[PDB]
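*Asks:*
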Amino acid sequence: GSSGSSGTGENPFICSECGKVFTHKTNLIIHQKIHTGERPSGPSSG
Ligand SMILES: [Zn+2]
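If you number the sequence shown the way the authors' numbering does, the last residue is 46 and the count never jumps.
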């Protein structure tokens, strides 16, 4: 009977997308860019 969880060590920032920690908030924002850059399926509408 053990939860087996963890979480001891405050963090500056984390990419909710993938989960990458960055020293500066600027470095993180610049990274997230990779997450925001995909094209939609297409014209498929009807
Ligand atoms: Zn990311």
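Here a beta-carbon is modelled for each residue, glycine too, at the ideal position from N, C-alpha and C.
Do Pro12 and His24 count as a contact pair if the criterion is CB distance below 9 Å?
*Replies:* The sequence position of residue 24 within the sequence shown is 24, counting from 1. The sequence position of residue 12 within the sequence shown is 12, counting from 1. In contact: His24 and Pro12 (Cβ atoms closer than 9 Å).
*Asks:* Relative to ligand 1, what is the chain-ordered list of residues with a Cβ closer than 6 Å to any of its non-hydrogen atoms?
*Replies:* This selection yields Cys15, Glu17, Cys18, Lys20, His31, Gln32 and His35.
*Asks:* Within the continuous alpha helix (DSSP H) that includes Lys25, where are the two ends?
*Replies:* Taking the first residue of the sequence shown as 1, we reach residue 25 at position 25. Segment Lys25 to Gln32, the alpha helix (DSSP H) holding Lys25.
*Asks:* Since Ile29 contacts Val21 with CB under 8 Å, what's their CB separation in whole angstroms?
*Replies:* Counting from one through the sequence shown, the residue named residue 29 turns up at place 29. Counting from one through the sequence shown, the residue named residue 21 turns up at place 21. Contact doesn't hold; Cβ gap of about 13 Å is too wide.
*Asks:* What separation, rounded to the nearest whole angstrom, lies between the Cα atoms of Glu10 and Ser2?
*Replies:* Position 10 of the sequence shown, counted from the start, is the residue given in the question as residue 10. Position 2 of the sequence shown, counted from the start, is the residue given in the question as residue 2. Answer to the nearest angstrom: the Cα atoms are 23 Å apart.
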